[PDB]
Amino acid sequence: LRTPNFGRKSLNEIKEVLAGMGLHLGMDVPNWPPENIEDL
DNA sequence: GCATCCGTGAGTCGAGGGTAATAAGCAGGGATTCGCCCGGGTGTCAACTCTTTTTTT
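Thresholds, definitions, all that
Residues numbered from 1 in each chain as written, not as in the entry; some residues may be left out. Chains lettered and ligands numbered in written order. Part of a larger assembly, values for the part shown. Heavy atoms only, no water. Residues with missing side-chain atoms left out of burial classes, pairs and counts. Helix = DSSP H or I, 4+ residues; strand = E, 2+ residues; numbered from the N terminus. Polar contact = N/O pair within 3.5 Å; in protein donor to acceptor, adjacent residues only side chain to side chain.

Let us look at the overall build of chain A. The number of helices and strands found in chain A is 1 helix and 0 strands. Projected onto the principal axes, the alpha-carbon positions of chain A cover approximately 35 × 25 × 20 Å.

Right under this line is the structure:
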């Protein structure tokens, strides 16, 4: 919500599509693979 | 009633890989065919106006 044009209806669809992919809010270390070592 | 002459046959699977020779001449007129170019229908882009789903007030 602290971003310009924070889509109220799109924030729910994006969370739904993220949960459908297998990921959710948090559930991991904060920026674990933040380097280029995780690039495939 | 017999003697003489003309058609069909020849197993079946496999290998091995392409070929080869003669050789007139020129004048008339048409049909054919290749280069350039204008062009009109097909694409690829700057650029002017309604609607509305919110995101902001």
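Moving on from the coordinates now.
Let's shift gears to unusual backbone geometry. The backbone of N5 shows a phi angle near 60°, a positive value even though the residue is not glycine. By secondary structure assignment, the location of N5 is in the segment before α1 (10–20). For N31, which is not a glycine, the phi torsion comes out positive at approximately 60°. As for its position among the elements, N31 is in the segment after α1.

Structurally, the position occupied by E13 is in helix α1. In this structure the side chain of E13 is engaged in a polar contact, spanning 3.0 Å, whose partner is the side chain of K9.

By themselves, these are just geometric observations and shouldn't be taken as functional.
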